[PDB]
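Enquirer: Structure incoming, see below.
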Amino acid sequence: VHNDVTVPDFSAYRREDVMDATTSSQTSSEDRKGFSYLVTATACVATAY
Amino acid sequence: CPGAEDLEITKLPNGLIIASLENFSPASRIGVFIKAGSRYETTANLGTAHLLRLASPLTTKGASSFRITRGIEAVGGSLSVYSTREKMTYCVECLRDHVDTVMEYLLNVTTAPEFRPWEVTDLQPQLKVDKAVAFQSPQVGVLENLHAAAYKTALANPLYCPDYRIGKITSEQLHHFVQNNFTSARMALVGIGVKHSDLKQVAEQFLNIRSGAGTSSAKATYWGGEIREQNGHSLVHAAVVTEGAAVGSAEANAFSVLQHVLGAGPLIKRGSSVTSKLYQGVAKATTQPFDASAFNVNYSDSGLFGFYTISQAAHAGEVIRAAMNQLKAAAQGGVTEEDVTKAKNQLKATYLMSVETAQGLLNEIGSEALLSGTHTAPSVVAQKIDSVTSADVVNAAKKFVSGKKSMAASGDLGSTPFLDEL
Amino acid sequence: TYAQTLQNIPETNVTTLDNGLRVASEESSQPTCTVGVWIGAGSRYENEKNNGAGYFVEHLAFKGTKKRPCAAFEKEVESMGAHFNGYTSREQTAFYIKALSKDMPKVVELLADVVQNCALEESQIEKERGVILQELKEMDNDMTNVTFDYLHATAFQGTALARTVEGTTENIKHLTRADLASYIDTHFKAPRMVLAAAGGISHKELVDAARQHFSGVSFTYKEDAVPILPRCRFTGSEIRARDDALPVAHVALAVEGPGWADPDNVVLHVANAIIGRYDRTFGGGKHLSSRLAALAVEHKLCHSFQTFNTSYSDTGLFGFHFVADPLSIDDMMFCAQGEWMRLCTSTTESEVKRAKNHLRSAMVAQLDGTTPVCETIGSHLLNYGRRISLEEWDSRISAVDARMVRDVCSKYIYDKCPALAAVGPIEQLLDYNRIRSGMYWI
Amino acid sequence: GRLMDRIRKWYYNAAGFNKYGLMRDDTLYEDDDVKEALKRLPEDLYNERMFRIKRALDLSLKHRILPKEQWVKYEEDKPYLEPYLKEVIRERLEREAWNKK
Amino acid sequence: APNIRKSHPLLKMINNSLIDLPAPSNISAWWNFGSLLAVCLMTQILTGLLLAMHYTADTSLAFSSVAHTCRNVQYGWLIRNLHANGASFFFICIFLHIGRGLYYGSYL
Amino acid sequence: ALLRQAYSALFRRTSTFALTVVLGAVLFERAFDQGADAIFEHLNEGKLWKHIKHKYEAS
Amino acid sequence: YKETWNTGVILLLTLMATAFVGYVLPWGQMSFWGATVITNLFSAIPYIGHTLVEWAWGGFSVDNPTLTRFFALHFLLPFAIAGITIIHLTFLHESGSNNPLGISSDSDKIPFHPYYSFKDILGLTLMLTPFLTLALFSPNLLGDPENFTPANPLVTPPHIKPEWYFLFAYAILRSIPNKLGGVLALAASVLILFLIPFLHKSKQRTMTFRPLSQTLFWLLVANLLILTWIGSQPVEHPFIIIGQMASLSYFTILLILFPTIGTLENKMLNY
Ligand code: HEM
Ligand code: HEM
Ligand SMILES: C[C@@]1(c2ccc(Oc3ccccc3)cc2)OC(=O)N(Nc2ccccc2)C1=O
């Protein structure tokens, strides 16, 4: 039954700031996105140039 | 700063009954009760009442389909229509300060429908859908067949439009139905969270589809037939009944009490029903999951009484027979004087709880305010109920064992017995 | 008028029996009433070993106590026309009775006896063990619930909220009479319980019987200590359970919610009111005010859809769920996400005006009878540690405007990583990345 | 006096769709409003409209018109769709007005 | 249709070939040369036009018109290099595209 | 909290993200060209006409 | 059928550019000076005008780099025309063809083959006769003898006159004695086509049953003839005034009379 289903462990992949299950993941969200989007925004600058 | 209030109840010269009640609730729930239903249909217009139920959102002379829906939603209101084989209720709920708004719509829908040909054509395929979801409960299917086996006419008519007629109902049929049934003398404008003078005013100054008793329904003739639907389901639902008591029939309370004495539904979650003669009996007979209950219906000119079961296919035989013995055993004085005392409590309780919700209170008021333009005090009703001897009950029980029975069952009926083996 | 009716509603009385318990009730003039105890317990309080205990308990809480074995317990309740129901969830449990106000006291005794002296019949346990296993197979066919379980299973993966209320197959097959016992003693405790009642009952008469049956007082400060649960981490992710043999598909998408105490919840509930809900039997059809509902009808996008703002102590799930044919999932998700974007970006005053009215009548509806009102009381003290009148709610609702809906919605929704659960014939539902993009601009 | 009537009758005749057996309404460009109205027409009125149109297209491809005796007469032209079309537009404007807050 | 990306007769085409197009989840770098070949084509055409605008097809002027392009046209030399080498890049990519095809039996 | 500040002010709204890329490019170009030209001329000190010019300049 | 129409206008514009750059290639006197007049039209654009023209020229006047780039353009554009034709027919098939009565033809459709394949091949040979007759018996009826004289940068022909298909527009360009004003009138004379779909007030699609519009229609056609004729004459009385009249009425018929009359006709139908 579905009750016996659980999401595997993604610690071998999680970013450092969301590795701990008892910590809000929202507090590190803006940084996690700010960084990824920074890469993208920079690639856009290099491309425009 | 509000307090208590009276349950007024005028009754205009044209026969329209008006019952109101201020409970100072922040929410008002008005409704238009009417004596209409599949009961009044004939072979020719079968299902017309079902479609009419779904046609509530169609355009009227006063409001368009669009404004009816947008208008009512504009003020967090709602509009719905409930119906039985013999009565149709159109009620609207909304916050007090919007009763005026919502009212225009309730009015238009019940008295000024336009049943535009195209809107109607578009709506009919809905009958298929509405009916498909309803029939997901086996309960609904067997009750349909039940009334079809119990009667030869009127009440025998199904509550959901038969398939061969989906798409064939006409605007003329809807109009003629409304004209010959939605008459001032068969209607009642009931309301809660309102002031009689206000509700009373709306009725008279707005309700125009006029007087008369309209076309009267044919009398309900008992058949005592037997319909079996072999559909292969692991569970077998079966119902066995006998002509019971009619609405208001003195013999009503007797069956009500016998109902609660035999077993009228669970009271404890996942708990067994000990106070249930019928359940306890079936339980002793079968080891597998099942369900048994006392069935009971009261209509204007008739009623049905018996038991409804649900059991695995292989044990249907024993489960149904077990339920039968519990009825005989009861017809043969096998009813304690304390049993009748307990049942009378569950009955008084049930009734009293039924009116906790706005939907239940309004339905109680209007139901009675329709079939007798009056209102029995919750004490007189209790006074009438407990004043039911142990004899009465045993008699009701006898009337069942001796009366001609009709039966309906569906599922893998390979082990389900025929009415003449009970 | 409306206002006046809100002010004239009888106030909710509260008192605390220094042993830790709280007794609250709302008085009316009804010969009938409902009373029960709302416990701050649930699957979230369980762990890997005792998951499904509180549920296993919920099954025995009605099969008899020490003072009175099964048959005796049932007969007594049945014979008085009272109704005994209850439920167990993730952060909240409840056992309540519907009966004649005339029996409020005997009931309170019965409640106390249930929560304190459950027989936990060794033989009944093995019997319910098989019943529960059957209920898990019954519920496994309830897509909507399989879907919300999965939504929690991934939204809160690795934590406590990830577990289901019913528990595991292994737990149910091996939970011990001692475990259930331990569960009860550990959680069913005065400071974490609320005796709620509504109908025609004397608050004092209620509190009196309360003192009489809920007596055991505490000495230390830790016995008056309600344990704060550890945080449950939210995770933008998805779980895809595919079975093309299923007729329809269920999809649920959600972002992390604030949690009970947060005022923003009034705004989220207004927002959800704008989007509303729908199913193929809403006569309103193509004229429904909910844009998503309109589109659903027009394009036949789904069989039904619903928004939700599920709260908890410190978190919540704000999202929506829909059922659609395998070939219309993509368009539905497209419009659903599209509407969320409109919320954060282009909400109208008209939109909220309507949503507000809709919300008011919705709150008023959750107080329709003694049981629903009682449930409000239990839940309110247990979550807000106090009852919140309809007048307060209306006060808060009235303050909400388009701008507010946008900021709040932009706050919890815009450019967030959602949690996704899809069950059934879901091949048409595009990948996470595509869905993730539906979280911004529009 | 009867100026407008005179003018309309002249135009009708000058227009000439009646030479193909078409009613004024048969000639309307099928925009959204018209398409909706057409769907509300009773079966017979609809089938009749269709024949008149197919017949006219046949005349158009043949480069012929109908014999003068079969031309529709100004006063016998039946405005079969106008009533429907007006309701349709009336409804549309209501939705439009209403959706503007 | 609810969203333009699918109803519009032109976008519909872009959507069905570069947006919603179903692609195998495991194709490797060897499946990159199709798009690269497309870009060479667009690149070659664009640089070719630019060169053609200063070229002169006549035996007495061909050689020098190319010289004129590389020596006098703003970035003429650059555009010529990009065109001449682009042709090589085109063949490198077509050969690898072919290799991938033979190896993975794409020719089926 | 630069990544955080940058996200809210620049990267969140698609509009602001676009303005950030425009100015970013403007700034980048000016700096990249200058630095690039410097690095190139430095690796070729004394070989460019820029370096030699003064000897024959005599306007 | 707005998309079919709009792409239709793009096709016209592209064909115009094509014919222009193509006409310049033989490099006769008319090729050169026409290339001079046309390119200098762009210099009328304020601020960027001079800059764009010199850019397009690749120098300070129409010269060799103009010629070589024009050849390349002339070679390329025809293919853009072919491609956009596919888009044209693609939008068209979304609805299929309209027809002379302007009423739905769903009740009476027929396969393109062999009905229109045969009809089309017939139309082909009918138009092919004049074409070949002209080309084979009167090769130079339409060209300017001036183009049989090698371009001379220093001598401008006395009467610079464009190819017949550009005369009406040229006429309009000259109506406005102000450089920029005349250029705008010229641009508008063609771009006015993008506006047509929005000036439709008739409740009927075609003009078949609209006698007043039909008159207005032929007036417009004749107005075009007048402009064509005017564009071939020298700027002098009475041409100048006749020209401005025709120009003014051209725009008046399209922007005012057509929608106005369309509305007027609706009322005469009692709509
Ligand atoms: C499939 C794309 C193309 C390929 C493979 C290609 C290849 C080449 C090659 C091999 C050369 C010789 C380069 C050299 O000088 O050493 C060449 C020359 C040239 N190509 Fe292309 N070309 C392509 C497309 C085009 C297009 C579309 C045009 C013009 C519209 C064009 C115009 C020219 C011109 C003018 C030259 C002569 C100038 C020069 O030699 O640099 N080419 N091309
Ligand atoms: C290179 C130019 C063009 C080509 C090759 C072309 C080709 C076609 C073809 C083959 C058709 C279908 C048959 C027909 O009805 O004639 C068509 C129809 C049409 N074209 Fe063009 N066209 C061209 C230019 C234009 C222009 C300049 C306009 C408008 C400014 C235009 C507007 C249309 C429209 C609206 C139709 C619809 C016909 C109907 O009423 O059914 N076309 N075109
Ligand atoms: C064939 C012709 C032409 C073709 C299409 C035209 O349409 C335009 C094309 C591009 C830009 C503006 C108009 C204009 C001229 O090209 C050309 O040189 N001429 N000759 C000419 C003579 C005097 C003044 C202006 C032009 C054309 O007629």
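Ligands are numbered from 1 in the order shown, residues from 1 within each chain, and chains are lettered A, B, ... in the order they appear in the structure tokens.
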Let me see if you get this right: every residue at most 6 Å from ligand 2, counting only C-alpha atoms and all ligand atoms, written as a list in words.

Expert: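 Every residue with an atom at most 6 Å from ligand 2 is listed here: residues 1, 4, 5, 8, 9, 11, 12, 81, 85, 97, 98 and 99 of chain G.
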
Enquirer: Would you put the residues from that selection into a file with N, CA and C atoms, as a compact mmCIF listing (two decimals), in the first residue's frame?

Expert:
```txt
# COMPACT_ATOMS: atom_id res chain seq x y z
N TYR G 1 -9.51 37.86 -43.25
CA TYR G 1 -8.61 36.78 -42.86
C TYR G 1 -7.35 37.57 -42.57
N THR G 4 -3.65 36.20 -43.21
CA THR G 4 -3.40 35.95 -44.62
C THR G 4 -3.21 37.31 -45.27
N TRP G 5 -4.03 38.27 -44.87
CA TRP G 5 -3.90 39.61 -45.42
C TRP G 5 -2.57 40.25 -45.05
N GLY G 8 0.21 39.03 -46.64
CA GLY G 8 0.01 39.42 -48.01
C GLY G 8 0.68 40.76 -48.21
N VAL G 9 0.50 41.69 -47.27
CA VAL G 9 1.14 42.99 -47.41
C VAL G 9 2.66 42.86 -47.31
N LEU G 11 4.35 40.42 -48.34
CA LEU G 11 4.74 39.94 -49.65
C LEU G 11 4.85 41.09 -50.65
N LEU G 12 3.86 41.99 -50.65
CA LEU G 12 3.89 43.13 -51.56
C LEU G 12 5.17 43.92 -51.33
N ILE G 81 10.50 35.74 -50.49
CA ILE G 81 9.16 35.83 -51.01
C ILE G 81 8.57 34.44 -51.06
N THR G 85 5.51 33.05 -48.79
CA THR G 85 4.33 32.59 -49.51
C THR G 85 3.78 31.39 -48.74
N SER G 97 -10.48 29.18 -48.56
CA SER G 97 -10.89 30.38 -49.27
C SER G 97 -12.25 30.96 -48.93
N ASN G 98 -12.37 32.25 -49.21
CA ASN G 98 -13.60 33.01 -49.05
C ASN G 98 -14.21 32.80 -50.47
N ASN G 99 -15.34 33.41 -50.77
CA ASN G 99 -15.94 33.26 -52.09
C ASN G 99 -16.75 34.51 -52.44
```

Enquirer: If you count only C-alpha atoms and all ligand atoms, which residues end up within 6 Å of ligand 3, as a ChimeraX atom specification?

Expert: /G:16-17,19-20,23-24,31,34-35,37-38,160-163,166

Enquirer: Those selected residues, please, written with N, CA and C atoms and delivered as a CSV table (one decimal), in the first residue's frame.

Expert:
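Once everything was written out, this is result-v7.csv:
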```
chain,number,residue,atom,x,y,z
G,16,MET,N,8.3,44.6,-53.8
G,16,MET,CA,8.7,46.0,-54.2
G,16,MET,C,10.2,46.1,-54.1
G,17,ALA,N,10.8,45.7,-52.9
G,17,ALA,CA,12.2,45.9,-52.7
G,17,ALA,C,12.9,45.1,-53.8
G,19,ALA,N,12.0,44.1,-56.9
G,19,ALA,CA,11.9,44.8,-58.2
G,19,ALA,C,12.9,46.0,-58.2
G,20,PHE,N,12.9,46.7,-57.1
G,20,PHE,CA,13.8,47.9,-57.1
G,20,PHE,C,15.2,47.5,-57.2
G,23,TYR,N,16.0,46.2,-60.7
G,23,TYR,CA,15.9,47.2,-61.7
G,23,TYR,C,17.2,48.0,-61.9
G,24,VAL,N,17.9,48.1,-60.7
G,24,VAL,CA,19.2,48.9,-60.7
G,24,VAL,C,20.4,48.2,-61.4
G,31,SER,N,18.3,53.2,-64.3
G,31,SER,CA,18.7,52.3,-63.2
G,31,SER,C,19.4,53.2,-62.1
G,34,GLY,N,17.1,56.3,-60.7
G,34,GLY,CA,16.0,55.8,-59.9
G,34,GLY,C,16.5,55.3,-58.6
G,35,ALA,N,17.7,54.7,-58.7
G,35,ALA,CA,18.4,54.2,-57.5
G,35,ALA,C,18.7,55.4,-56.6
G,37,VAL,N,17.1,58.5,-56.6
G,37,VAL,CA,15.9,59.1,-56.1
G,37,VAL,C,15.3,58.2,-54.9
G,38,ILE,N,15.1,56.9,-55.2
G,38,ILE,CA,14.6,56.1,-54.1
G,38,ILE,C,15.5,56.0,-52.9
G,160,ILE,N,12.8,61.9,-65.5
G,160,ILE,CA,13.0,60.8,-64.7
G,160,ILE,C,11.6,60.2,-64.5
G,161,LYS,N,11.3,59.1,-65.0
G,161,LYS,CA,10.0,58.5,-64.8
G,161,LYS,C,10.1,57.0,-64.4
G,162,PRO,N,9.5,56.6,-63.3
G,162,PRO,CA,9.6,55.2,-62.8
G,162,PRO,C,8.8,54.2,-63.6
G,163,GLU,N,9.0,53.0,-63.4
G,163,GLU,CA,8.3,51.9,-64.0
G,163,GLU,C,6.8,52.1,-63.8
G,166,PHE,N,5.0,51.8,-60.3
G,166,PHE,CA,5.3,52.6,-59.2
G,166,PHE,C,4.8,54.0,-59.4
```

Enquirer: Using only C-alpha atoms, which residues sit within 8 Å of residue 23 in chain C once same-chain residues fewer than 3 positions away are excluded, as number ranges by chain?

Expert: C: 13-17, 194-196, 206-207, 210

Enquirer: Show me which residues sit within 9 Å of ligand 1 when counting only C-alpha atoms and all ligand atoms, and put them as a VMD selection string.

Expert: (chain E and resid 40 to 57 62 to 63 65 to 67 69 to 70 77 79 to 81 83 to 88 90 to 91) or (chain G and resid 72 to 73 75 to 76)

Enquirer: Pull out every residue of chain C that has at least one atom within 8 Å of chain B, counting only C-alpha atoms, and report them as JSON, numbers by chain.

Expert: {"C": [1, 2, 3, 4, 5, 6, 8, 31, 32, 59, 62, 63, 71, 74, 75, 78, 79, 80, 81, 82, 83, 84, 85, 86, 99, 100, 280, 281, 283, 284, 287, 288, 289, 354, 355, 356, 357, 358, 359, 360, 361, 364, 368, 369, 370]}

Enquirer: I need the residues from that last selection saved to file as a PDB file, in the first residue's frame (with C-alpha atoms), if you can.

Expert:
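Written file, part25.pdb:
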```
ATOM      1  CA  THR C   1     -28.085  43.476  10.570  1.00  0.00           C
ATOM      2  CA  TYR C   2     -25.069  41.245   9.958  1.00  0.00           C
ATOM      3  CA  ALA C   3     -22.608  42.968  12.307  1.00  0.00           C
ATOM      4  CA  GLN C   4     -25.047  42.965  15.204  1.00  0.00           C
ATOM      5  CA  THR C   5     -25.563  39.217  14.844  1.00  0.00           C
ATOM      6  CA  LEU C   6     -21.814  38.677  15.080  1.00  0.00           C
ATOM      7  CA  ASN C   8     -24.544  39.088  19.900  1.00  0.00           C
ATOM      8  CA  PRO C  31     -31.712  20.610  24.026  1.00  0.00           C
ATOM      9  CA  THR C  32     -28.985  18.785  22.140  1.00  0.00           C
ATOM     10  CA  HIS C  59      -9.586   2.016  17.069  1.00  0.00           C
ATOM     11  CA  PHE C  62     -14.235   2.864  21.710  1.00  0.00           C
ATOM     12  CA  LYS C  63     -13.901  -0.842  22.451  1.00  0.00           C
ATOM     13  CA  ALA C  71     -20.507  -4.493  25.529  1.00  0.00           C
ATOM     14  CA  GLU C  74     -21.387   0.470  23.944  1.00  0.00           C
ATOM     15  CA  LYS C  75     -24.799  -0.373  25.402  1.00  0.00           C
ATOM     16  CA  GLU C  78     -26.145   3.494  22.495  1.00  0.00           C
ATOM     17  CA  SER C  79     -29.062   3.278  24.933  1.00  0.00           C
ATOM     18  CA  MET C  80     -28.878   7.009  25.626  1.00  0.00           C
ATOM     19  CA  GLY C  81     -29.068   7.934  21.953  1.00  0.00           C
ATOM     20  CA  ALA C  82     -25.596   9.493  22.044  1.00  0.00           C
ATOM     21  CA  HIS C  83     -23.176   9.361  19.127  1.00  0.00           C
ATOM     22  CA  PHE C  84     -19.552   8.496  19.643  1.00  0.00           C
ATOM     23  CA  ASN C  85     -17.154   9.552  16.929  1.00  0.00           C
ATOM     24  CA  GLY C  86     -13.601  10.792  16.623  1.00  0.00           C
ATOM     25  CA  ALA C  99     -26.068  13.839  22.992  1.00  0.00           C
ATOM     26  CA  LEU C 100     -28.811  15.537  24.978  1.00  0.00           C
ATOM     27  CA  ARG C 280     -18.498  18.517 -13.105  1.00  0.00           C
ATOM     28  CA  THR C 281     -21.736  19.012 -11.200  1.00  0.00           C
ATOM     29  CA  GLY C 283     -24.687  23.849 -12.366  1.00  0.00           C
ATOM     30  CA  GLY C 284     -23.108  27.299 -12.660  1.00  0.00           C
ATOM     31  CA  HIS C 287     -20.471  31.363 -15.894  1.00  0.00           C
ATOM     32  CA  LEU C 288     -18.724  30.554 -12.613  1.00  0.00           C
ATOM     33  CA  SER C 289     -16.823  33.507 -11.154  1.00  0.00           C
ATOM     34  CA  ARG C 354     -16.233  38.526  -3.864  1.00  0.00           C
ATOM     35  CA  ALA C 355     -13.666  36.189  -2.323  1.00  0.00           C
ATOM     36  CA  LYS C 356     -14.182  37.946   1.011  1.00  0.00           C
ATOM     37  CA  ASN C 357     -17.946  37.428   1.029  1.00  0.00           C
ATOM     38  CA  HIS C 358     -17.393  33.847  -0.052  1.00  0.00           C
ATOM     39  CA  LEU C 359     -14.909  33.405   2.819  1.00  0.00           C
ATOM     40  CA  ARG C 360     -17.233  34.909   5.423  1.00  0.00           C
ATOM     41  CA  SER C 361     -20.118  32.569   4.553  1.00  0.00           C
ATOM     42  CA  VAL C 364     -20.071  30.807   9.210  1.00  0.00           C
ATOM     43  CA  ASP C 368     -23.386  24.851  11.541  1.00  0.00           C
ATOM     44  CA  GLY C 369     -24.420  22.555  14.380  1.00  0.00           C
ATOM     45  CA  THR C 370     -22.992  21.624  17.767  1.00  0.00           C
TER      46      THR C 370
END
```

Enquirer: Residues of chain F were defined as contacting chain C if any atom lay at most 9 Å from it, counting only C-alpha atoms; please report them as JSON, numbers by chain.

Expert: {"F": [12, 13, 14]}

Enquirer: Can I get the selection written as a PDB file, in the first residue's frame, with C-alpha atoms?

Expert:
```pdb
ATOM      1  CA  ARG F  12      13.264  38.065  -8.784  1.00  0.00           C
ATOM      2  CA  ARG F  13      11.213  40.249 -11.134  1.00  0.00           C
ATOM      3  CA  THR F  14      11.842  39.364 -14.794  1.00  0.00           C
TER       4      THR F  14
END
```

Enquirer: From a DSSP calculation on the backbone, collect every residue of range 247-339 of chain C in helix (DSSP H, G or I) and output the set as a CSV table (one decimal) with N, CA and C atoms, in the first residue's frame.

Expert:
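Ended up saving to result-v8.csv:
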```csv
chain,number,residue,atom,x,y,z
C,264,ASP,N,-1.2,36.1,8.0
C,264,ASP,CA,-1.3,36.0,6.6
C,264,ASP,C,-2.3,35.0,6.1
C,265,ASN,N,-2.5,34.0,6.9
C,265,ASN,CA,-3.5,32.9,6.6
C,265,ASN,C,-4.8,33.4,6.2
C,266,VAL,N,-5.2,34.6,6.8
C,266,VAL,CA,-6.5,35.1,6.4
C,266,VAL,C,-6.5,35.5,4.9
C,267,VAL,N,-5.4,36.0,4.5
C,267,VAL,CA,-5.2,36.5,3.1
C,267,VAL,C,-5.1,35.3,2.2
C,268,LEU,N,-4.3,34.3,2.6
C,268,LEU,CA,-4.2,33.1,1.8
C,268,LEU,C,-5.6,32.4,1.5
C,269,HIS,N,-6.4,32.4,2.6
C,269,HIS,CA,-7.8,31.9,2.5
C,269,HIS,C,-8.7,32.7,1.5
C,270,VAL,N,-8.4,34.0,1.5
C,270,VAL,CA,-9.1,34.9,0.6
C,270,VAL,C,-8.7,34.5,-0.8
C,271,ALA,N,-7.4,34.5,-1.0
C,271,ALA,CA,-6.8,34.1,-2.3
C,271,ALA,C,-7.4,32.8,-2.8
C,272,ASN,N,-7.3,31.8,-2.0
C,272,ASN,CA,-7.9,30.5,-2.4
C,272,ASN,C,-9.3,30.6,-2.7
C,273,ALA,N,-10.0,31.6,-2.1
C,273,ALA,CA,-11.4,31.9,-2.4
C,273,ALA,C,-11.6,32.4,-3.8
C,274,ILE,N,-10.6,33.2,-4.3
C,274,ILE,CA,-10.7,33.7,-5.7
C,274,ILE,C,-10.7,32.6,-6.6
C,275,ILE,N,-9.6,31.7,-6.5
C,275,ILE,CA,-9.5,30.6,-7.4
C,275,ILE,C,-10.6,29.6,-7.1
C,285,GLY,N,-21.7,26.1,-14.2
C,285,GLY,CA,-21.0,25.9,-15.5
C,285,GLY,C,-20.1,27.0,-16.0
C,286,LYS,N,-20.2,27.3,-17.2
C,286,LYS,CA,-19.3,28.3,-17.9
C,286,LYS,C,-19.5,29.8,-17.4
C,287,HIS,N,-20.3,30.0,-16.4
C,287,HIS,CA,-20.5,31.4,-15.9
C,287,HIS,C,-19.9,31.6,-14.5
C,291,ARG,N,-12.2,32.1,-12.5
C,291,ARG,CA,-11.7,32.0,-13.9
C,291,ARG,C,-11.2,30.6,-14.2
C,292,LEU,N,-10.5,30.0,-13.3
C,292,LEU,CA,-10.0,28.6,-13.5
C,292,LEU,C,-11.2,27.7,-13.7
C,293,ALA,N,-12.2,27.9,-12.9
C,293,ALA,CA,-13.4,27.0,-13.1
C,293,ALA,C,-14.0,27.3,-14.5
C,294,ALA,N,-14.1,28.5,-14.9
C,294,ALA,CA,-14.7,28.9,-16.2
C,294,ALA,C,-13.9,28.1,-17.3
C,295,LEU,N,-12.6,28.2,-17.3
C,295,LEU,CA,-11.7,27.6,-18.3
C,295,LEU,C,-11.9,26.1,-18.3
C,296,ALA,N,-12.0,25.5,-17.1
C,296,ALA,CA,-12.2,24.1,-16.9
C,296,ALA,C,-13.4,23.6,-17.7
C,297,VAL,N,-14.5,24.4,-17.5
C,297,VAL,CA,-15.7,24.1,-18.2
C,297,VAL,C,-15.6,24.3,-19.7
C,298,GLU,N,-15.1,25.4,-20.1
C,298,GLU,CA,-14.9,25.7,-21.5
C,298,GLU,C,-14.0,24.7,-22.2
C,299,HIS,N,-12.8,24.4,-21.6
C,299,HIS,CA,-11.9,23.5,-22.2
C,299,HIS,C,-12.0,22.1,-21.8
C,329,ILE,N,-4.2,16.9,-18.7
C,329,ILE,CA,-3.4,17.3,-17.6
C,329,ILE,C,-2.6,18.6,-17.8
C,330,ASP,N,-1.9,18.6,-18.9
C,330,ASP,CA,-1.0,19.7,-19.2
C,330,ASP,C,-1.7,21.0,-19.3
C,331,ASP,N,-2.8,21.1,-20.0
C,331,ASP,CA,-3.5,22.3,-20.1
C,331,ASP,C,-4.1,22.8,-18.8
C,332,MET,N,-4.5,21.8,-18.0
C,332,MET,CA,-5.1,22.1,-16.6
C,332,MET,C,-4.0,22.7,-15.8
C,333,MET,N,-2.8,22.0,-15.7
C,333,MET,CA,-1.7,22.5,-14.9
C,333,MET,C,-1.3,23.9,-15.4
C,334,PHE,N,-1.3,24.1,-16.7
C,334,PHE,CA,-1.0,25.3,-17.3
C,334,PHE,C,-1.9,26.5,-16.8
C,335,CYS,N,-3.2,26.2,-16.8
C,335,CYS,CA,-4.1,27.2,-16.4
C,335,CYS,C,-4.1,27.4,-14.9
C,336,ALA,N,-3.9,26.3,-14.1
C,336,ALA,CA,-3.9,26.4,-12.7
C,336,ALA,C,-2.7,27.2,-12.3
C,337,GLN,N,-1.5,26.9,-12.9
C,337,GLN,CA,-0.3,27.7,-12.5
C,337,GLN,C,-0.6,29.2,-13.0
C,338,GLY,N,-1.2,29.3,-14.1
C,338,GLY,CA,-1.5,30.7,-14.7
C,338,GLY,C,-2.3,31.5,-13.7
C,339,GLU,N,-3.2,30.9,-13.0
C,339,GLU,CA,-4.1,31.6,-12.1
C,339,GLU,C,-3.3,32.0,-10.8
```

Enquirer: Pull out every residue of chain G sitting within 8 Å of chain E, counting only C-alpha atoms, and send them as a list in words.

Expert: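 Listed by rising number, the hits are residues 65, 68, 69, 70, 71, 72, 90, 91 and 94 of chain G.
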
Enquirer: Please provide the set of residues having any atom within 12 Å of residue 180 in chain G, restricted to only C-alpha atoms, with same-chain residues fewer than 2 positions apart removed, written as a ChimeraX atom specification.

Expert: /G:40-46,49,173-178,182-187

Enquirer: Tell me, in Å to one decimal, how far CA of residue 402 in chain B is from CA of residue 249 in chain B.

Expert: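 Rounded to one decimal, the two atoms are 19.3 Å apart.
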
Enquirer: Taking into account only C-alpha atoms, which residue in the set C:228, C:382, C:409, C:417 is nearest to chain A?

Expert: C:417

Enquirer: What does the distance from CA of residue 201 in chain C to CA of residue 101 in chain C come to in Å, to one decimal?

Expert: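 Answer for the CA of residue 201 in chain C to CA of residue 101 in chain C separation: 5.9 Å.
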
Enquirer: Could you please tell me, as JSON, numbers by chain, which residues of chain E have an atom within 8 Å of chain C when using only C-alpha atoms?

Expert: {"E": [1, 2, 3]}
